[PDB]
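A.B. asks: Take this sequence and fold it.
(one chain, ligands or ions: 2)
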Amino acid sequence: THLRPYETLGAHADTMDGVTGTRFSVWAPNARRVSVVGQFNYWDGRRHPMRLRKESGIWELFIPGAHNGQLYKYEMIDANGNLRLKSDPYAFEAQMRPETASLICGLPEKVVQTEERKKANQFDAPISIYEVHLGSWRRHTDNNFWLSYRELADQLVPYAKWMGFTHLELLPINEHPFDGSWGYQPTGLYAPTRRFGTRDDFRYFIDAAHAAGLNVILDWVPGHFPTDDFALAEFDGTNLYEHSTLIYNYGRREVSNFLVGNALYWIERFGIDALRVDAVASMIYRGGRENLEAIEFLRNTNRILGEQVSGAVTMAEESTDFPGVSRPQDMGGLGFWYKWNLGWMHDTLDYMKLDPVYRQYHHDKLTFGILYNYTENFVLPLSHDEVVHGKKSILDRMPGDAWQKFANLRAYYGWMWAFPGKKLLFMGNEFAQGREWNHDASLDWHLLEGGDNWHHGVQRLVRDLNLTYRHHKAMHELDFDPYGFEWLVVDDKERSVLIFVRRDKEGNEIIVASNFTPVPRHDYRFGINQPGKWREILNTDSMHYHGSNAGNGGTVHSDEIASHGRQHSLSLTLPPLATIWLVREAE
Ligand SMILES: OC[C@H]1O[C@@H]2O[C@H]3[C@H](O)[C@@H](O)[C@@H](O[C@H]4[C@H](O)[C@@H](O)[C@@H](O[C@H]5[C@H](O)[C@@H](O)[C@@H](O[C@H]6[C@H](O)[C@@H](O)[C@@H](O[C@H]7[C@H](O)[C@@H](O)[C@@H](O[C@H]8[C@H](O)[C@@H](O)[C@@H](O[C@H]1[C@H](O)[C@H]2O)O[C@@H]8CO)O[C@@H]7CO)O[C@@H]6CO)O[C@@H]5CO)O[C@@H]4CO)O[C@@H]3CO
Ligand SMILES: OC[C@H]1O[C@@H]2O[C@H]3[C@H](O)[C@@H](O)[C@@H](O[C@H]4[C@H](O)[C@@H](O)[C@@H](O[C@H]5[C@H](O)[C@@H](O)[C@@H](O[C@H]6[C@H](O)[C@@H](O)[C@@H](O[C@H]7[C@H](O)[C@@H](O)[C@@H](O[C@H]8[C@H](O)[C@@H](O)[C@@H](O[C@H]1[C@H](O)[C@H]2O)O[C@@H]8CO)O[C@@H]7CO)O[C@@H]6CO)O[C@@H]5CO)O[C@@H]4CO)O[C@@H]3CO
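C.D. replies: Numbering: from 1, shown residues only. Ligands and ions are numbered 1, 2, ... in the order given. Have a look at this structure:
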């Protein structure tokens with residue numbers, strides 16, 4: 001059991017002959033004096049001495065009477081002669097603010113991943129992710145208090161299900177002391193934050209997501225060594241976990257087990273279906289500037305998870321175009337299943353920001369994504385990072401008076417949901433929040449109060465996009481196969497009209513056409529592959545979303561009139577600042 005140190009280290013229930021208690025265990029090879037202090041001892045550092053197994057590094061001590069509920073720490077004399085209380089790095093629950101003491105609770109039971117949840121993570125599945133910071137999705141109105149994990153189970157889970165998302169992605173829920181880190185500056189990697197309730201309340205939340213048919217992705221932070229509360233720095237007086245500004249010693253073995261075990265812990269004991277690693281560049285940079293320990297650590301972890309928990313996937317954000325992030329390790333790869341497409345996010349948002357009269361000069365911003373699509377397995381992300389620190393909301397990036405901003409936004413979502421790659425959308429984006437994300441307050445749900453409005457219109461579109469994207473294989477089945485995408489009109493720069501097909505394994509095609517200027521286009525003829533009757537299944541200008549309701553108004557038959565090198569063509573209305581998707585009707 002090298003892979004799962006959490007099953008041994010930390011506090012666990014045990015039976016000594018016939019008297020029950022808790023076996024404590026801490027890894028510290030140097031130390032020279034560790035005792036167990038808690039609420040079973042009156043915190044007396046005399047009363048209970050541990051005893052090092054110098055082979056392993058682990059101080060171990062059974063304590064009769066010690067049981068679930070009670071707070072504890074370890075009393076440490078350093079390798080360097082100093083007296084410190086250390087919190088258990090393997091604390092599965094931590095005391096509430098302020099404080100620090102670890103909590104005896106043991107391990108939750110193992111969750112078996114179902115075939116349906118394994119299926120939902122696969123390359124050929126529709127994957128649409130709702131990214132959520134639990135501390136700021138909603139608040140109780142009269143007191144501004146956080147929703148608990150249990151209230152989130154009753155509110156967030158049905159909401160994301162209704163909106164048609166397949167996955168919920170949580171910003172890090174490991175215990176962390178400052179709300180402003182958003183979770184990325186942790187102190188307790190094995191403890192769910194007490195902000196929202198108990199570890200069992202959190203498990204209840206995950207079970208509720210699962211019962212509603214949602215997979216759960218957790219932001220996992222093996223790249224951020226703790227920096228607060230003296231959590232993990234200089235643990236036994238030496239550099240135990242860190243390197244000789246603070247970074248993990250991934251090269252060390254017990255540290256790597258600690259981190260790999262932590263991944264196994266979330267997946268196996270909480271039923272987490274995927275893990276996302278942020279800031280991968282910071283791990284593998286700063287062999288020249290390459291940290292080889294980190295790269296090996298990432299390849300390792302991905303390899304082990306693939307062996308130990310098939311069905312679970314990892315995804316990475318990496319910002320330096322390191323090759324093969326989502327490619328096999330036995331080539332140049334890092335072994336991740338998916339990679340965030342940051343380039344696509346920058347390119348398409350730059351394009352949407354432009355006055356539409358200038359989009360003619362920047363057609364490359366929309367077409368470029370296809371050229372490198374087949375080099376990584378991409379998620380198209382509109383994430384929390386893009387709506388803070390003066391970057392504005394996505395809505396406010398759009399040009400024009402308010403009605404034109406909303407039209408632009410609708411068209412862009414229509415494009416994003418049709419373009420190759422999986423989808424991720426941060427909370428608030430789906431109803432076109434005006435203000436930036438504030439981690440210290442609720443999202444602006446008030447925008448949706450009162451009579452039906454443009455914000456409701458966007459929210460209905462995102463739901464229709466999700467449900468349409470999931471229903472039709474062509475929209476999601478071959479994201480990563482060139483057969484899954486073909487341009488129909490790639491070079492109408494003058495008019496900023498772009499048309500492509502998405503294609504399923506059976507060869508059925510859905511035509512996607514976007515018109516990125518305020519000029520409506522009538523009798524727009526373009527070559528198609530499958531002649532017959534074609535009908536809109538999505539139109540971002542629909543009155544249902546507070547659009548102008550322009551479009552093709554029923555079935556349109558193709559013509560045997562050659563266009564764009566193709567023998568048959570369609571001649572359509574393309575609504576202004578809008579995208580439409582069309583399906584072929586059987587006859
Ligand atoms: O009259 C008291 C109160 O009774 C009811 O509240 C109970 C509630 O129903 C239970 O859930 C329970 O509470 C715990 C809660 O579940 C935990 O989350 C936690 O609370 C934390 C918050 O989650 C966290 O966000 C933060 O809270 C801060 C707020 O973010 C911040 O805005 C501010 O809060 C001030 C309010 O904005 C302001 O309205 C005012 O609050 C008054 C309310 O207006 C009024 O309704 C009433 O509160 C009721 C409540 O409605 C019932 O549901 O009187 C309030 C007078 O105080 O003043 C607030 C400042 O105190 O600051 C807070 C604090 O930082 O941190 C908290 C702390 O962790 O812990 C909760 C209890 O420990 O019990 C409560 C109480 O019975
Ligand atoms: O800035 C980059 C790029 O910008 C301009 O290119 C745009 C172009 O003007 C638009 O027409 C459109 O391109 C789309 C194109 O019209 C579609 O036909 C389709 O393209 C598919 C190809 O048909 C198909 O062959 C395949 O392409 C693969 C190649 O077979 C293979 O060789 C390799 O591509 C590599 C090149 O061989 C190699 O030269 C190297 O590339 C650089 C070019 O030399 C250089 O010109 C420039 O490209 C410009 C271009 O000049 C502008 O006009 O930078 C290139 C590096 O980025 O490396 C290449 C990749 O390793 O692999 C490719 C891809 O698998 O598949 C493609 C994709 O399905 O889709 C096109 C994309 O929409 O948009 C482009 C980009 O905006």
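A.B. asks: give me phi/psi at residue 315?
C.D. replies: Main-chain dihedrals, residue 315, degrees, to the nearest 10: phi -140, psi 150.
A.B. asks: What is the neighbour count of the residue lying closest to it once chain neighbours are set aside?
C.D. replies: Distance criterion CB to CB, 6 or more residues apart in numbering; nearest residue to residue 315, sequence neighbours excluded, is residue 338 at 4.0 Å. C-betas here are computed from N, CA, C, even on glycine. By other CB atoms under 10 Å, 25 other residues sit near residue 338.
A.B. asks: what does the one 5 residues further on give?
C.D. replies: Using other CB under 10 Å, the number of residues around residue 343 comes to 15.
A.B. asks: tell me which element it is part of?
C.D. replies: helix 342-353 (DSSP states H and E).
A.B. asks: Can you spell out the domain ranges of the protein, please?
C.D. replies: 1-107, 114-471, 482-587 (curated CATH domains).
A.B. asks: Tell me where this protein has helices.
C.D. replies: Under the criterion DSSP state H, the chain contains helices at 115-120, 149-162, 199-211, 253-270, 280-284, 292-308, 342-353, 364-372, 394-397, 402-418, 454-471.
A.B. asks: quick one: contacts for residue 224?
C.D. replies: 184, 185, 186, 279 (CB atoms under 8 Å, 6 or more residues apart in numbering).
A.B. asks: can you tell me which two in the residues you listed are farthest apart?
C.D. replies: Using CB to CB, the pair of the contacts of residue 224 lying farthest apart is 186 and 279, separated by 13.4 Å.
A.B. asks: Of those two, which one has the most company?
C.D. replies: The neighbour comparison of residue 186 against residue 279 (other CB under 10 Å) goes to residue 186, with 24 against 15.
A.B. asks: residues in contact with that one?
C.D. replies: For residue 186, counting by CB under 8 Å, 6+ apart, the contacting residues are 172, 174, 175, 176, 221, 224, 226, 231.
A.B. asks: Columns distance to residue 583 on top of these, output as a markdown table?
C.D. replies: Below are the contacts of residue 186 laid out as a markdown table (distance: CB to CB, whole Å):
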| residue | distance to residue 583 |
| --- | --- |
| 172 | 40 |
| 174 | 44 |
| 175 | 49 |
| 176 | 47 |
| 221 | 43 |
| 224 | 46 |
| 226 | 52 |
| 231 | 55 |
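A.B. asks: looking at it, residue 111 is touching residue 269, isn't it?
C.D. replies: Yes. In terms of CB atoms under 8 Å, residue 111 counts as a neighbour of residue 269; the distance is 7.0 Å.
A.B. asks: Nearest the geometric middle of this protein, what residue?
C.D. replies: The C-alpha lying nearest the average C-alpha coordinate of the chain belongs to residue 169 (CA atoms, centre = their mean; 4.1 Å).
A.B. asks: didn't that residue look like it was pressed against residue 132?
C.D. replies: Yes. At 6.8 Å, residue 169 counts as touching residue 132 under the criterion of CB under 8 Å.
A.B. asks: where exactly do the strands run in the stretch 1-150 of the chain?
C.D. replies: Remark: strands assigned in the stretch 1-150 of the chain by DSSP state E, counting those that start in this stretch are 10-16, 19-27, 33-38, 51-53, 58-64, 71-77, 83-86, 102-103, 128-132.
A.B. asks: Using JSON lines, lay out the domains of the chain together with distance to ligand 2.
C.D. replies: Converted to JSON lines, the domains of the chain look like this (distance: least, CB to the nearest ligand atom, whole Å):
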{"stretch": "domain 1-107", "distance to ligand 2": "38"}
{"stretch": "domain 114-471", "distance to ligand 2": "3"}
{"stretch": "domain 482-587", "distance to ligand 2": "5"}
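A.B. asks: of these, which approaches ligand 1 most closely?
C.D. replies: domain 114-471 (3.3 Å; CB to the nearest ligand atom).
A.B. asks: Is there proximity between the closest one and ligand 1?
C.D. replies: Yes. For domain 114-471, a contact with ligand 1 is found by CB under 6 Å from any ligand atom, at 142, 143, 144, 145, 146.
A.B. asks: Out of the contacts of residue 186, which comes closest to residue 301?
C.D. replies: Using CB to CB, the contacts of residue 186 come closest to residue 301 at residue 221, 12.9 Å.
A.B. asks: residues contacting that closest one?
C.D. replies: 172, 174, 183, 184, 186, 189, 277, 278.
A.B. asks: From these, which land in strands?
C.D. replies: 174, 189, 277 (DSSP state E).
A.B. asks: In PyMOL, how would I select the buried members of those?
C.D. replies: To isolate the buried ones among the ones in strands among the contacts of residue 221 in PyMOL, judged by 16 or more other CB atoms under 10 Å, type:
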select buried, resi 174+189+277
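A.B. asks: ok, back up a step: distance to residue 373 and mean neighbour count added to the strands of the stretch 1-150 of the chain, as a markdown table?
C.D. replies: Listed next are the strands of the stretch 1-150 of the chain as a markdown table, based on distance: least, CB to CB, whole Å; neighbours: other CB atoms under 10 Å:
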| stretch | distance to residue 373 | mean neighbour count |
| --- | --- | --- |
| strand 10-16 | 44 | 17 |
| strand 19-27 | 44 | 20 |
| strand 33-38 | 53 | 22 |
| strand 51-53 | 53 | 13 |
| strand 58-64 | 48 | 19 |
| strand 71-77 | 51 | 21 |
| strand 83-86 | 48 | 15 |
| strand 102-103 | 47 | 24 |
| strand 128-132 | 18 | 25 |
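A.B. asks: Pull the number of nearby residues for residue 255.
C.D. replies: 22.
A.B. asks: circling back to that earlier point, quick check, the residue nearest to residue 315 in contact with residue 317.
C.D. replies: No. With contacts defined as CB under 8 Å, residue 338 does not count as touching residue 317, sitting 10.0 Å away.
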